[PDB]
Amino acid sequence: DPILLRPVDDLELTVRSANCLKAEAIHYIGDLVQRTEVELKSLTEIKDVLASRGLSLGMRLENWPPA
Amino acid sequence: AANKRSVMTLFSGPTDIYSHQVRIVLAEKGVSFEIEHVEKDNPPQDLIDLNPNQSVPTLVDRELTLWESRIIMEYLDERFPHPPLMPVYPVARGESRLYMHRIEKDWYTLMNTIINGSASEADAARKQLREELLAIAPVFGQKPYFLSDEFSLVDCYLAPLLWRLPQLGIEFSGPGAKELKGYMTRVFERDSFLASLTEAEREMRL
Amino acid sequence: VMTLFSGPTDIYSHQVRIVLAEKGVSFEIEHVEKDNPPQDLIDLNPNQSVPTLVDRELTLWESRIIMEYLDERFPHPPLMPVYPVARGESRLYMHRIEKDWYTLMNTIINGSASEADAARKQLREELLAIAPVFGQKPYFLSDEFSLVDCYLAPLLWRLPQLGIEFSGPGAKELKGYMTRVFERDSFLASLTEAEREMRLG
Amino acid sequence: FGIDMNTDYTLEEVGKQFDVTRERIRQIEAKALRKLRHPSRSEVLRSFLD
Amino acid sequence: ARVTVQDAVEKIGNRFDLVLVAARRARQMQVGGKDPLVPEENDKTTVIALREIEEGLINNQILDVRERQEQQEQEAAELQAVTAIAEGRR
């Protein structure tokens, strides 16, 4: 989608729950569809943000990122 | 006491236009104020003790009450700046303080006289009033407001005295009401007016 | 071109003159008959009420507008506060005196000799009300003369013609005022030949 | 700034406008204008600088 | 698409009026955009205005009743929407 190739803060996510994700060395959002939950109040705040713009968890996305 | 907070204190009037003229500019700047629709025979206690002149309305902010229709709506336009309500050029500024003086001394007496006048004056005043308000018809074509693009205080002196149009028995007549009557569609339904209108003063709209 | 339709006598016309001659405005006055200028000002003044200012584009008829315009346009020296807290003090303190005292002096002149006493002594006890406070500032609630005292200098000057004066108290901390403001060149070079025979200054 | 108004204003000069006088007023503008600084809220604003 | 107005001037036997009617109808299709009655063929708004005048569906008379009918039906949208302040206030 066009809603994959954005800066990790460009989803307007909330700072502490943005800090939990980002401080753990995440790179881009297109891989956020590939984000597994075993790799991570911090759960509500990644959930309604992906389920508001057209994003989602544990998706299937290959050949990415080629810059 | 009354001014014990950083909040205002307004012993407004529920029908007296001084309140309704003030509250427009009072709320048009987005400030958290206190409304107290109170009477002349029996207002609240604070409105009579700290108010050594006892008028309506009366605004009190941490230092003293400020009683006037002009001193109040001036104190707010000079202390709460944005959005602005009065121009910058002192040439065209004090003239904007002149229509307000050619209304409180021109179209106020036509309201009190129709409140305490004889049977013919009530239409005599309504005679000198209704046609005269049609003598100012072509103004609105040029400017979207009373000779000023922005919504300024000189417009706020009209609408509260254009909201009591038929409430004291008035209706338009003649050619060119579509310029002024259509104009009332541009001012009578604004956030500064809609949220500010007192429901008591509304029922004379149907 | 800045004309003025001042009265030669009335305190209102004496009000505006203190503001003009203070700021330094190059003006020119056109007198009125007694307090009635000609019928040739109804065209630029449907009220025909002095004073009235005319400077090339403008018409203004009130002590409020005519006297504050000259403040908001000729900036220095300034005759007002700086921050909005205190203007409402000055802007409203001058609403007191223009409502209580000034129309009080009607019956003292426009009211019969009965009511002249009705206004005379009931007002005198007010005249020494703020009198002790002059040990706070030099001027009327200000360390530097401002617009608020502009309604007193042409008011105090009309005392001996009016009739009420100082006798014992009311002149201790009060008379220092008029001996301090009546000497400023503004009120010096504003006095006229008609408004001067109301006292010996 | 003087955006859409008359003369601009001082920081705690506005503190008497929002009724909460403190060094937060140097913050609300501070972190908010960081939000306009991020991309796609400046994709049309950036377009004016050469 | 239009080289000559010799035929769109027989509905209006006057050159200095054809350049007034079509100068006004050719504005409605540009600002406050109404719809070209003719099927356009990738043309401007001017030549589309001069292609209605030939087929009689525009002239100095139709161009007012077509609109003043609307100027009051928006006032039918005045009063009928004036009920919105009629039932919103009571």
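Order of writing sets the chain letters: A, B, C, D and E. Residues in each chain are counted from 1.
Quick note on the criterion: a contact is a pair of C-beta atoms (placed from the backbone, for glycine too) under 8 Å apart; a residue touches a chain by one contact, two chains touch by 3 or more.
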item	value
Neighbouring chains common to chain A and chain B, by label	D
Comparison of A-D and B-D by number of C-beta pairs in contact, larger one	B-D
Chain of greatest Cα-centre distance to chain B	A
Centre-to-centre distance between chain C and chain B (centres being mean Cα positions), rounded to whole Å	30
Inter-chain centre distance, chain C versus chain E - centres from mean C-alpha coordinates, in Å	65
Separation of mean Cα positions, chain D and chain B [Å, integer]	33
Where chain B touches two or more other chains, by residue	79
Per-residue overlap in chain A, given as positions that touch at least 2 other chains	none
Residues of chain D engaged with two or more neighbouring chains	none
Pairs of chains in contact (touch as defined earlier), listed by label	A-D, B-C, B-D, B-E
Residues of chain D that touch chain B when the two form their complex	4-6, 9, 16-17, 19
Complex contact set, residues of chain C against chain B	57-58, 60, 62, 64-65, 68-69, 72-73, 84-85, 87-89, 91-92, 95
In the complex with chain D, residue positions of chain B that touch it	6-7, 32, 79-84, 88
Of chain D, residues touching chain A in the complex	38-40
Residues of chain E touching chain B in the complex	78, 85-86, 89-90
